[PDB]
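Read the structure below first, then the notes.
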Amino acid sequence: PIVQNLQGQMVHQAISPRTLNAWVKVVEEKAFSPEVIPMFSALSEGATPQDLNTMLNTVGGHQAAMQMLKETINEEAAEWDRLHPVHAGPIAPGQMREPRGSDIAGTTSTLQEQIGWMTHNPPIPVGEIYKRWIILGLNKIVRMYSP
Amino acid sequence: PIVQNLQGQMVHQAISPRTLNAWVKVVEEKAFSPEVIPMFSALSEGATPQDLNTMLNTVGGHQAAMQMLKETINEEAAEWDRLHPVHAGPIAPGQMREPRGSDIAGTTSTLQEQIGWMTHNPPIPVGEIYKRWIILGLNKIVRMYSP
Amino acid sequence: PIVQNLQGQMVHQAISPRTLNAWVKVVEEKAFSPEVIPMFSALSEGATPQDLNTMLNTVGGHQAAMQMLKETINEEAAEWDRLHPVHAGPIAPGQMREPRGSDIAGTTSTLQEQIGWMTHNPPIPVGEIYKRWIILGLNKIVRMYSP
Amino acid sequence: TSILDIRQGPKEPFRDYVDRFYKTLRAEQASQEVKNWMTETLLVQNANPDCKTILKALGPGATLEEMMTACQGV
Amino acid sequence: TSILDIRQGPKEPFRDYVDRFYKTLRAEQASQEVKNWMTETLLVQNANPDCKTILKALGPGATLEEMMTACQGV
Amino acid sequence: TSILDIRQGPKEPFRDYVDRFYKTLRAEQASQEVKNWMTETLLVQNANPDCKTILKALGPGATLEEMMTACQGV
């Protein structure tokens, strides 16, 4: 995640193993139950896309759901690209590039790039955009997996 | 929560997973028992509204009670709005806006807004107002759930 | 509790959940056994009255004993007020007020007030006065609950 | 399981049923106004005859603690 | 369960009853003066005849260790 | 249980009895001099005849390791 250091700057720090394991354990115990979404939300505080793929990729089991989510993440990403067209002409030397759906999904962007966008002024909340897609896709799952 | 840093300022820091889990475990084990209220009170030390919705939203089970509480929180919030009318004329550029019942419930306010009110001079104790509503609603529950 | 910070001043810090839980677990396991008193004493190191009511209020079970203790705490408090009369004339602007039995019991005093008395020069040991009442009342219990 | 399939048993305490209702209501994602409509309507409708009778006597305007204490002996 | 419904069994030790009393008293939220009134009154009143007899002999002014040691053989 | 009620069984090892004694002595709050008096006196007095006999042969001045090794076969 990207956290604020004592000095008063935003720097990246790694997520903790008993945080990781707590994510694992939630999924083990409460599967598709709604409490998973606030839980997720708390444990995703200050998290990167990269950390969010890590959390999704580290799941075991419920592979039908994991595939449905993936496909929701790509749909929501396809929709990001649709709604926000690429911008006019070449990229400025003085500036950094606008993200695509796949940069938001973490796929085409690097960590330093993910830190550029979030730490820069104005900052862009690429975590929160992926977060809604995850929560939206979580609703899809919850609604389906209701019996 | 909003905690004091070493430098001598009040800054926000996230709540801990084994704190979260301790909240979960209390509810699992002691359900509606009275010891839940001091317990809550200790674990809510320096907590935000946002953190208080997180704690309420992360409950599983006892959904009749969770609904009764919600409805108590909204009643107490409706009562906040009644008792404290909105103030005269437009909001000053030099000042920040007075809260409503829904800002106290965390709903209409953002975190930075919740930090503005609490950290500012004079500070306003929107946690402690929600806390009484929670404790009051906890009494309602305890009294009902007595057999 | 009120602890010394790195800077070299006495500041308040909250008590820890696995400290809280260790207090709970002691009571669960060893009930009225004498080892409870040194144990208490260690876990009450640097503790406030407020933290001491928190610890007493968070008990479950043994309610006959909890009531006997309460009533001992009030007796010992009544005795504090008896032995130490209120002082002559109005309270000075330059000074802070002398405690009563109920300030020692934490009831009529606020935290900042509890920190004023303990951190100020000379300091007054309102924790240690309540601590003796707790230990005294613990002897009463231990002696009764011997079979 | 669908919200329409939530019903109170002939020997089941209302209380255990109301818990089931706001759990399933907890998995419905509809507008609040619709969920209010579901609350006043479906809950009583799928309640058992003995309690149903009881709840009809509370009239309208009733709140959950009063419903929950009203059908306790049933 | 209501505080008036708390009573001592015919074979139940007082001790186990006094524990039940301050647990239920622990769920009453009334003024201290009322709760003092409940203490001196209701406790003895719902105590069993054999101990009740015993407690009448302690007279007034009695404290919990003396009541608790007084009804121990009963 | 009172300290006078602490006694050694006819088949109970002394050792298990001495443990019981300093546990109950651990719940007595009396002056040290009185507790010394209790140590030399009550311990032997409520000890069983077979070990009691043994302890009489150690004479006075005896310490706990020597008492504890003295009544081991009993």
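Just so we're on the same page: first chain in the structure tokens is A, next is B, and so on; residues restart at 1 for each chain, and ligands are numbered from 1 in the order they show up.
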
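Near chain D, within 10 Å and using only C-alpha atoms, the residues of chain B are residues 60, 61, 62, 63, 64, 65, 66, 67, 68, 71, 140, 141, 143, 144 and 145 of chain B.
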
Dump as an mmCIF file, in the first residue's frame, selection limited to N, CA, C and O atoms:
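The result, stored in selection07.cif:
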```
data_model
loop_
_atom_site.group_PDB
_atom_site.id
_atom_site.type_symbol
_atom_site.label_atom_id
_atom_site.label_comp_id
_atom_site.auth_asym_id
_atom_site.auth_seq_id
_atom_site.Cartn_x
_atom_site.Cartn_y
_atom_site.Cartn_z
ATOM 1 N N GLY B 60 -22.127 -10.067 11.489
ATOM 2 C CA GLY B 60 -22.972 -11.153 10.909
ATOM 3 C C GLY B 60 -23.875 -11.716 11.832
ATOM 4 O O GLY B 60 -23.665 -11.638 13.054
ATOM 5 N N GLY B 61 -25.032 -12.219 11.358
ATOM 6 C CA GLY B 61 -26.065 -12.556 12.408
ATOM 7 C C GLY B 61 -26.814 -11.415 13.138
ATOM 8 O O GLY B 61 -26.513 -10.308 12.976
ATOM 9 N N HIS B 62 -27.775 -11.781 14.018
ATOM 10 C CA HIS B 62 -28.612 -10.927 14.896
ATOM 11 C C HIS B 62 -29.133 -9.774 14.103
ATOM 12 O O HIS B 62 -29.029 -8.582 14.434
ATOM 13 N N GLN B 63 -29.825 -10.017 12.955
ATOM 14 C CA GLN B 63 -30.244 -9.037 12.023
ATOM 15 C C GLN B 63 -31.455 -8.361 12.420
ATOM 16 O O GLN B 63 -31.759 -7.332 11.926
ATOM 17 N N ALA B 64 -32.273 -8.931 13.332
ATOM 18 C CA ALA B 64 -33.361 -8.199 13.851
ATOM 19 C C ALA B 64 -32.932 -7.064 14.696
ATOM 20 O O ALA B 64 -33.428 -5.938 14.702
ATOM 21 N N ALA B 65 -31.898 -7.285 15.541
ATOM 22 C CA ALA B 65 -31.253 -6.336 16.407
ATOM 23 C C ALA B 65 -30.533 -5.328 15.577
ATOM 24 O O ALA B 65 -30.557 -4.166 15.884
ATOM 25 N N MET B 66 -29.845 -5.730 14.526
ATOM 26 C CA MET B 66 -29.077 -4.808 13.692
ATOM 27 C C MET B 66 -29.986 -3.806 12.976
ATOM 28 O O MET B 66 -29.638 -2.660 12.941
ATOM 29 N N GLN B 67 -31.188 -4.333 12.534
ATOM 30 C CA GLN B 67 -32.160 -3.437 12.013
ATOM 31 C C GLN B 67 -32.713 -2.487 13.097
ATOM 32 O O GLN B 67 -32.846 -1.239 12.856
ATOM 33 N N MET B 68 -33.076 -2.984 14.304
ATOM 34 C CA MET B 68 -33.548 -2.120 15.420
ATOM 35 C C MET B 68 -32.557 -1.047 15.731
ATOM 36 O O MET B 68 -33.034 0.084 15.914
ATOM 37 N N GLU B 71 -32.431 1.774 12.878
ATOM 38 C CA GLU B 71 -33.673 2.543 12.988
ATOM 39 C C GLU B 71 -33.598 3.489 14.188
ATOM 40 O O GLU B 71 -33.742 4.654 13.974
ATOM 41 N N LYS B 140 -31.730 -0.398 24.548
ATOM 42 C CA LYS B 140 -32.943 -0.881 23.932
ATOM 43 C C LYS B 140 -32.885 -2.348 23.610
ATOM 44 O O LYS B 140 -33.870 -3.053 23.779
ATOM 45 N N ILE B 141 -31.751 -2.799 23.123
ATOM 46 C CA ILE B 141 -31.530 -4.119 22.685
ATOM 47 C C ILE B 141 -31.435 -5.032 23.866
ATOM 48 O O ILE B 141 -32.134 -6.038 24.000
ATOM 49 N N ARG B 143 -32.475 -4.572 26.958
ATOM 50 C CA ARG B 143 -33.726 -4.632 27.622
ATOM 51 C C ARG B 143 -34.734 -5.520 26.974
ATOM 52 O O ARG B 143 -35.374 -6.296 27.640
ATOM 53 N N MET B 144 -34.768 -5.470 25.627
ATOM 54 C CA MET B 144 -35.550 -6.408 24.848
ATOM 55 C C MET B 144 -35.068 -7.834 24.909
ATOM 56 O O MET B 144 -35.878 -8.756 24.885
ATOM 57 N N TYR B 145 -33.749 -8.037 24.828
ATOM 58 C CA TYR B 145 -33.186 -9.322 24.670
ATOM 59 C C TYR B 145 -32.951 -10.038 25.959
ATOM 60 O O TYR B 145 -32.760 -11.258 25.974
#
```

I'm after chain B in the frame of chain A: fit it by least squares over all Cα atoms matched in order, and give me the output as a tab-separated table (two decimals) with C-alpha atoms, in the first residue's frame.
```tsv
chain	number	residue	atom	x	y	z
B	1	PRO	CA	0.00	0.00	0.00
B	2	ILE	CA	0.92	3.69	-0.13
B	3	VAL	CA	1.02	5.12	3.32
B	4	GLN	CA	2.17	8.36	4.89
B	5	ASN	CA	5.65	8.29	6.49
B	6	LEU	CA	6.66	10.09	9.64
B	7	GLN	CA	8.62	12.77	7.54
B	8	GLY	CA	5.16	13.75	6.03
B	9	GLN	CA	5.33	12.19	2.59
B	10	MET	CA	3.40	9.42	0.91
B	11	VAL	CA	5.66	6.29	0.42
B	12	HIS	CA	4.93	2.69	-0.55
B	13	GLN	CA	5.17	-0.02	2.23
B	14	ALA	CA	4.42	-3.68	1.77
B	15	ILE	CA	1.27	-5.36	3.15
B	16	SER	CA	1.67	-7.50	6.27
B	17	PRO	CA	1.58	-11.43	6.34
B	18	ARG	CA	-1.05	-11.53	9.17
B	19	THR	CA	-3.01	-8.97	7.05
B	20	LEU	CA	-2.63	-11.37	4.07
B	21	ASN	CA	-3.65	-14.33	6.19
B	22	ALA	CA	-6.59	-12.37	7.65
B	23	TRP	CA	-7.76	-11.85	4.03
B	24	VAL	CA	-7.36	-15.54	3.42
B	25	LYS	CA	-9.19	-16.55	6.59
B	26	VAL	CA	-12.21	-14.23	5.89
B	27	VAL	CA	-12.67	-15.95	2.53
B	28	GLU	CA	-12.25	-19.35	4.05
B	29	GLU	CA	-14.82	-18.73	6.74
B	30	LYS	CA	-17.51	-16.45	5.32
B	31	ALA	CA	-17.17	-17.37	1.53
B	32	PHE	CA	-19.74	-15.14	-0.38
B	33	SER	CA	-21.42	-13.63	2.83
B	34	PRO	CA	-22.08	-9.76	2.70
B	35	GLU	CA	-19.74	-9.04	5.58
B	36	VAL	CA	-16.99	-9.83	3.23
B	37	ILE	CA	-17.52	-6.38	1.47
B	38	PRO	CA	-16.95	-3.95	4.49
B	39	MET	CA	-14.21	-6.36	5.55
B	40	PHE	CA	-12.54	-6.10	2.13
B	41	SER	CA	-13.00	-2.34	2.20
B	42	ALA	CA	-11.18	-1.93	5.55
B	43	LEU	CA	-8.31	-4.27	4.52
B	44	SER	CA	-8.10	-2.37	1.18
B	45	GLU	CA	-7.44	0.96	2.81
B	46	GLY	CA	-4.59	2.68	1.00
B	47	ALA	CA	-4.10	-0.34	-1.27
B	48	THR	CA	-2.69	-0.39	-4.86
B	49	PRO	CA	-4.08	-2.20	-7.94
B	50	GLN	CA	-1.10	-4.35	-7.75
B	51	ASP	CA	-2.05	-5.29	-4.16
B	52	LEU	CA	-5.67	-5.83	-5.20
B	53	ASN	CA	-4.53	-8.35	-8.00
B	54	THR	CA	-2.37	-10.02	-5.34
B	55	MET	CA	-5.41	-10.46	-3.05
B	56	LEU	CA	-7.59	-11.84	-6.01
B	57	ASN	CA	-4.83	-14.08	-7.34
B	58	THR	CA	-4.08	-15.55	-3.93
B	59	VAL	CA	-7.68	-16.95	-3.64
B	60	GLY	CA	-8.16	-20.76	-3.60
B	61	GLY	CA	-11.43	-22.33	-4.40
B	62	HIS	CA	-14.75	-20.71	-5.68
B	63	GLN	CA	-13.35	-20.59	-9.22
B	64	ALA	CA	-16.62	-20.07	-10.90
B	65	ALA	CA	-17.03	-16.86	-8.90
B	66	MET	CA	-13.40	-15.90	-9.45
B	67	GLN	CA	-13.89	-16.21	-13.17
B	68	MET	CA	-17.23	-14.18	-13.00
B	69	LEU	CA	-15.36	-11.46	-11.15
B	70	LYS	CA	-12.50	-11.38	-13.66
B	71	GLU	CA	-14.89	-11.02	-16.49
B	72	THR	CA	-16.73	-8.17	-14.53
B	73	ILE	CA	-13.34	-6.49	-13.89
B	74	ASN	CA	-12.59	-6.60	-17.72
B	75	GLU	CA	-16.14	-5.41	-18.51
B	76	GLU	CA	-15.86	-2.50	-16.13
B	77	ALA	CA	-12.32	-1.82	-17.52
B	78	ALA	CA	-13.70	-1.97	-21.21
B	79	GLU	CA	-16.29	0.51	-20.04
B	80	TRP	CA	-13.52	2.75	-18.58
B	81	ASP	CA	-11.84	2.90	-21.94
B	82	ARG	CA	-15.08	3.54	-23.76
B	83	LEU	CA	-16.20	6.45	-21.47
B	84	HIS	CA	-12.83	8.04	-21.27
B	85	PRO	CA	-11.26	8.30	-24.74
B	86	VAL	CA	-7.45	8.79	-25.15
B	87	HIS	CA	-6.46	12.48	-25.18
B	88	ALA	CA	-5.36	14.85	-27.98
B	89	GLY	CA	-1.95	14.50	-29.58
B	90	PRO	CA	1.43	13.27	-28.03
B	91	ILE	CA	2.16	12.94	-24.34
B	92	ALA	CA	3.94	16.10	-22.84
B	93	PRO	CA	7.55	15.69	-21.45
B	94	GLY	CA	6.48	17.66	-18.40
B	95	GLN	CA	3.55	15.30	-17.69
B	96	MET	CA	2.69	11.75	-17.12
B	97	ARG	CA	0.26	9.72	-19.18
B	98	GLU	CA	-3.47	9.27	-18.52
B	99	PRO	CA	-4.48	5.70	-17.31
B	100	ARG	CA	-6.51	3.18	-19.27
B	101	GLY	CA	-8.85	0.34	-17.89
B	102	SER	CA	-5.87	-2.02	-17.84
B	103	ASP	CA	-3.69	0.53	-15.89
B	104	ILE	CA	-6.56	0.66	-13.34
B	105	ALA	CA	-6.64	-3.09	-13.29
B	106	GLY	CA	-2.92	-2.81	-12.66
B	107	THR	CA	-2.05	-4.91	-15.68
B	108	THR	CA	-0.36	-2.31	-17.97
B	109	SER	CA	0.98	-0.15	-15.24
B	110	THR	CA	4.05	-0.55	-13.07
B	111	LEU	CA	4.16	0.21	-9.31
B	112	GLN	CA	6.12	3.35	-9.72
B	113	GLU	CA	3.54	4.40	-12.26
B	114	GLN	CA	0.71	3.53	-9.76
B	115	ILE	CA	2.56	5.64	-7.09
B	116	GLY	CA	3.01	8.55	-9.70
B	117	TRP	CA	-0.73	8.90	-10.30
B	118	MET	CA	-1.86	8.60	-6.63
B	119	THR	CA	0.98	10.76	-5.08
B	120	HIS	CA	1.08	13.39	-7.75
B	121	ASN	CA	-0.93	16.70	-7.52
B	122	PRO	CA	-3.93	16.40	-8.47
B	123	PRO	CA	-4.00	12.76	-7.52
B	124	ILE	CA	-6.17	10.26	-9.40
B	125	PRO	CA	-8.01	7.51	-7.39
B	126	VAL	CA	-7.42	4.45	-9.50
B	127	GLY	CA	-7.80	2.27	-6.27
B	128	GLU	CA	-11.26	3.67	-5.71
B	129	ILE	CA	-12.27	3.03	-9.37
B	130	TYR	CA	-11.09	-0.58	-9.17
B	131	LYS	CA	-12.72	-0.79	-5.68
B	132	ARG	CA	-16.18	0.07	-7.09
B	133	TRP	CA	-15.70	-2.61	-9.84
B	134	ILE	CA	-14.79	-5.10	-7.11
B	135	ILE	CA	-17.73	-4.06	-4.97
B	136	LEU	CA	-20.08	-4.09	-8.03
B	137	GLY	CA	-18.81	-7.51	-9.01
B	138	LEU	CA	-19.20	-8.52	-5.34
B	139	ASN	CA	-22.90	-7.55	-5.54
B	140	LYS	CA	-23.23	-9.74	-8.69
B	141	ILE	CA	-21.76	-12.65	-6.84
B	142	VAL	CA	-23.71	-12.12	-3.58
B	143	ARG	CA	-27.00	-11.89	-5.61
B	144	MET	CA	-26.23	-15.02	-7.56
B	145	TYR	CA	-24.94	-16.97	-4.62
B	146	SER	CA	-28.02	-16.24	-2.57
B	147	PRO	CA	-30.03	-19.56	-2.55
```

In Å to one decimal, how far is atom CA of residue E:58 from atom CA of residue F:30?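 Between atom CA of residue F:30 and atom CA of residue E:58 the gap is 27.7 Å.
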
Chain D post-superposition (all in-order Cα pairs with chain F) as a short mmCIF file (atom, residue, chain, number, x, y, z; two decimals) with N, CA and C atoms, in the first residue's frame:
```
data_model
loop_
_atom_site.label_atom_id
_atom_site.label_comp_id
_atom_site.auth_asym_id
_atom_site.auth_seq_id
_atom_site.Cartn_x
_atom_site.Cartn_y
_atom_site.Cartn_z
N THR D 1 -12.76 -22.72 53.34
CA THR D 1 -12.32 -23.67 54.29
C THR D 1 -11.33 -23.04 55.23
N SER D 2 -11.47 -23.32 56.55
CA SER D 2 -10.59 -22.80 57.59
C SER D 2 -9.27 -23.62 57.72
N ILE D 3 -8.17 -23.01 58.24
CA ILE D 3 -6.84 -23.63 58.36
C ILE D 3 -6.82 -24.85 59.34
N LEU D 4 -7.70 -24.79 60.35
CA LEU D 4 -7.93 -25.86 61.35
C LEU D 4 -8.57 -27.02 60.70
N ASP D 5 -9.26 -26.80 59.54
CA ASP D 5 -9.94 -27.93 58.88
C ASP D 5 -8.98 -28.71 57.94
N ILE D 6 -7.78 -28.18 57.77
CA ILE D 6 -6.73 -28.82 56.93
C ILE D 6 -6.13 -29.89 57.79
N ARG D 7 -6.24 -31.20 57.28
CA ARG D 7 -5.73 -32.42 57.92
C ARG D 7 -5.26 -33.46 56.85
N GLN D 8 -4.31 -34.34 57.26
CA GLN D 8 -3.77 -35.33 56.41
C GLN D 8 -4.58 -36.61 56.48
N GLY D 9 -4.90 -37.14 55.28
CA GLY D 9 -5.63 -38.38 55.17
C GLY D 9 -4.94 -39.57 55.75
N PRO D 10 -5.57 -40.70 55.87
CA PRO D 10 -4.86 -41.88 56.38
C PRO D 10 -4.00 -42.45 55.24
N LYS D 11 -4.30 -42.25 53.94
CA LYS D 11 -3.50 -42.82 52.82
C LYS D 11 -2.81 -41.72 52.00
N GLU D 12 -3.09 -40.39 52.39
CA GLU D 12 -2.66 -39.24 51.65
C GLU D 12 -1.21 -38.93 51.84
N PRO D 13 -0.35 -38.83 50.87
CA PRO D 13 1.00 -38.43 51.11
C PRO D 13 1.10 -37.08 51.72
N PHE D 14 2.00 -36.96 52.73
CA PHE D 14 2.32 -35.76 53.44
C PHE D 14 2.55 -34.60 52.59
N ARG D 15 3.34 -34.88 51.56
CA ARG D 15 3.63 -33.95 50.46
C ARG D 15 2.34 -33.26 49.90
N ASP D 16 1.25 -34.01 49.68
CA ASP D 16 0.10 -33.46 49.08
C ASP D 16 -0.69 -32.51 50.11
N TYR D 17 -0.60 -32.96 51.32
CA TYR D 17 -0.95 -32.22 52.53
C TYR D 17 -0.16 -30.95 52.89
N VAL D 18 1.12 -30.96 52.71
CA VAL D 18 1.92 -29.79 52.91
C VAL D 18 1.67 -28.67 51.88
N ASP D 19 1.42 -29.12 50.66
CA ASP D 19 0.93 -28.24 49.58
C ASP D 19 -0.36 -27.57 49.89
N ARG D 20 -1.33 -28.40 50.40
CA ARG D 20 -2.62 -27.84 50.89
C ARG D 20 -2.49 -26.85 52.02
N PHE D 21 -1.55 -27.13 52.93
CA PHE D 21 -1.25 -26.26 54.07
C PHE D 21 -0.73 -24.93 53.68
N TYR D 22 0.32 -24.83 52.87
CA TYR D 22 0.82 -23.50 52.49
C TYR D 22 -0.01 -22.75 51.45
N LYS D 23 -0.95 -23.43 50.76
CA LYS D 23 -2.02 -22.80 49.99
C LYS D 23 -3.06 -22.06 50.87
N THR D 24 -3.57 -22.81 51.88
CA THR D 24 -4.46 -22.19 52.90
C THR D 24 -3.82 -21.14 53.78
N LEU D 25 -2.54 -21.38 54.20
CA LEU D 25 -1.62 -20.46 54.89
C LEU D 25 -1.41 -19.23 53.98
N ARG D 26 -1.30 -19.49 52.65
CA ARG D 26 -1.23 -18.41 51.62
C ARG D 26 -2.48 -17.50 51.69
N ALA D 27 -3.71 -18.01 52.07
CA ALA D 27 -4.98 -17.20 52.29
C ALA D 27 -5.17 -16.73 53.68
N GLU D 28 -4.22 -16.98 54.61
CA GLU D 28 -4.26 -16.37 55.90
C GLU D 28 -3.41 -15.09 55.79
N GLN D 29 -3.91 -14.04 56.42
CA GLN D 29 -3.27 -12.74 56.38
C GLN D 29 -2.59 -12.37 57.73
N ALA D 30 -2.65 -13.17 58.84
CA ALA D 30 -1.96 -12.96 60.19
C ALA D 30 -0.49 -12.58 60.25
N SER D 31 -0.04 -11.93 61.35
CA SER D 31 1.35 -11.59 61.61
C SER D 31 2.26 -12.83 61.45
N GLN D 32 3.51 -12.61 61.06
CA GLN D 32 4.46 -13.63 60.61
C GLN D 32 4.77 -14.64 61.71
N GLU D 33 4.85 -14.13 62.96
CA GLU D 33 5.11 -14.73 64.26
C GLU D 33 3.99 -15.73 64.55
N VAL D 34 2.73 -15.32 64.28
CA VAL D 34 1.60 -16.21 64.38
C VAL D 34 1.54 -17.35 63.33
N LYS D 35 1.90 -16.91 62.11
CA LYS D 35 2.06 -17.85 61.04
C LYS D 35 3.21 -18.85 61.23
N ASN D 36 4.35 -18.44 61.90
CA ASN D 36 5.43 -19.33 62.40
C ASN D 36 4.98 -20.35 63.43
N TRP D 37 4.12 -19.86 64.35
CA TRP D 37 3.45 -20.66 65.37
C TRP D 37 2.55 -21.71 64.73
N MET D 38 1.78 -21.36 63.71
CA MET D 38 0.97 -22.24 62.94
C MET D 38 1.72 -23.29 62.21
N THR D 39 2.82 -22.91 61.62
CA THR D 39 3.76 -23.81 60.96
C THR D 39 4.29 -24.89 61.83
N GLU D 40 4.94 -24.56 62.94
CA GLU D 40 5.48 -25.60 63.81
C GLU D 40 4.44 -26.41 64.53
N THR D 41 3.26 -25.88 64.67
CA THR D 41 2.25 -26.52 65.49
C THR D 41 1.29 -27.30 64.74
N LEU D 42 0.50 -26.66 63.83
CA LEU D 42 -0.73 -27.24 63.31
C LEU D 42 -0.42 -28.31 62.30
N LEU D 43 0.61 -28.10 61.47
CA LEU D 43 1.10 -29.02 60.46
C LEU D 43 1.33 -30.46 61.04
N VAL D 44 2.13 -30.59 62.15
CA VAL D 44 2.37 -31.82 62.70
C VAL D 44 1.25 -32.48 63.37
N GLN D 45 0.46 -31.69 64.11
CA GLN D 45 -0.76 -32.04 64.81
C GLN D 45 -1.78 -32.65 63.87
N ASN D 46 -2.01 -32.13 62.65
CA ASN D 46 -3.02 -32.75 61.82
C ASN D 46 -2.50 -33.69 60.84
N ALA D 47 -1.15 -34.09 61.01
CA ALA D 47 -0.49 -35.02 60.21
C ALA D 47 -1.00 -36.42 60.62
N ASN D 48 -1.03 -37.48 59.77
CA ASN D 48 -1.51 -38.80 60.11
C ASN D 48 -0.60 -39.54 61.11
N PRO D 49 -1.10 -40.53 61.91
CA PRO D 49 -0.35 -41.24 62.98
C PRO D 49 0.94 -41.77 62.35
N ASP D 50 0.99 -42.40 61.20
CA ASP D 50 2.19 -43.05 60.73
C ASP D 50 3.29 -42.05 60.51
N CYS D 51 3.02 -40.95 59.80
CA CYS D 51 3.97 -39.85 59.66
C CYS D 51 4.23 -39.02 60.84
N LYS D 52 3.20 -38.83 61.65
CA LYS D 52 3.28 -38.15 62.91
C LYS D 52 4.32 -38.76 63.81
N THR D 53 4.31 -40.07 63.89
CA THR D 53 5.30 -40.88 64.57
C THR D 53 6.72 -40.52 64.05
N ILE D 54 6.89 -40.51 62.68
CA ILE D 54 8.12 -40.22 61.96
C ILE D 54 8.69 -38.81 62.33
N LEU D 55 7.80 -37.81 62.35
CA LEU D 55 8.09 -36.46 62.58
C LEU D 55 8.47 -36.23 64.01
N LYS D 56 7.85 -36.98 64.95
CA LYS D 56 8.27 -36.87 66.31
C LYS D 56 9.78 -37.25 66.43
N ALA D 57 10.29 -38.24 65.62
CA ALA D 57 11.69 -38.72 65.66
C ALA D 57 12.63 -37.67 65.05
N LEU D 58 12.17 -36.78 64.13
CA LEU D 58 13.09 -35.77 63.64
C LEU D 58 13.55 -34.76 64.73
N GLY D 59 12.81 -34.66 65.85
CA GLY D 59 12.98 -33.63 66.88
C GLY D 59 12.67 -32.24 66.40
N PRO D 60 13.06 -31.17 67.12
CA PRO D 60 12.79 -29.83 66.78
C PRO D 60 13.97 -29.37 65.94
N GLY D 61 13.90 -28.13 65.37
CA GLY D 61 14.94 -27.62 64.56
C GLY D 61 14.89 -28.12 63.18
N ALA D 62 13.97 -28.98 62.80
CA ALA D 62 13.87 -29.62 61.48
C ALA D 62 13.41 -28.69 60.32
N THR D 63 13.89 -28.83 59.09
CA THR D 63 13.44 -28.01 57.99
C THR D 63 12.67 -28.78 56.93
N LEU D 64 11.99 -28.05 56.06
CA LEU D 64 10.99 -28.71 55.18
C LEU D 64 11.51 -29.80 54.25
N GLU D 65 12.62 -29.68 53.59
CA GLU D 65 13.23 -30.76 52.81
C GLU D 65 13.47 -32.00 53.66
N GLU D 66 13.99 -31.93 54.88
CA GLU D 66 14.14 -33.04 55.77
C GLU D 66 12.80 -33.56 56.21
N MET D 67 11.76 -32.79 56.48
CA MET D 67 10.45 -33.37 56.82
C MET D 67 9.89 -34.06 55.61
N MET D 68 10.01 -33.46 54.47
CA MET D 68 9.41 -33.95 53.25
C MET D 68 10.07 -35.21 52.80
N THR D 69 11.38 -35.29 52.81
CA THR D 69 12.10 -36.62 52.64
C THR D 69 11.90 -37.60 53.79
N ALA D 70 11.61 -37.11 55.07
CA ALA D 70 11.40 -38.03 56.12
C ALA D 70 10.08 -38.83 55.98
N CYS D 71 8.98 -38.21 55.62
CA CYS D 71 7.74 -38.95 55.48
C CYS D 71 7.39 -39.49 54.12
N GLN D 72 8.36 -39.64 53.23
CA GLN D 72 8.17 -40.17 51.85
C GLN D 72 7.69 -41.58 51.68
N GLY D 73 8.07 -42.55 52.48
CA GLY D 73 7.58 -43.92 52.30
C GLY D 73 6.23 -44.21 52.88
N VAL D 74 5.76 -43.34 53.79
CA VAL D 74 4.54 -43.43 54.48
C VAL D 74 3.24 -43.22 53.66
#
```

Expected answer as a PyMOL selection string: helix (DSSP H, G or I) residues in chain E: chain E and resi 3-5+14-26+32-45+49-58+64-70
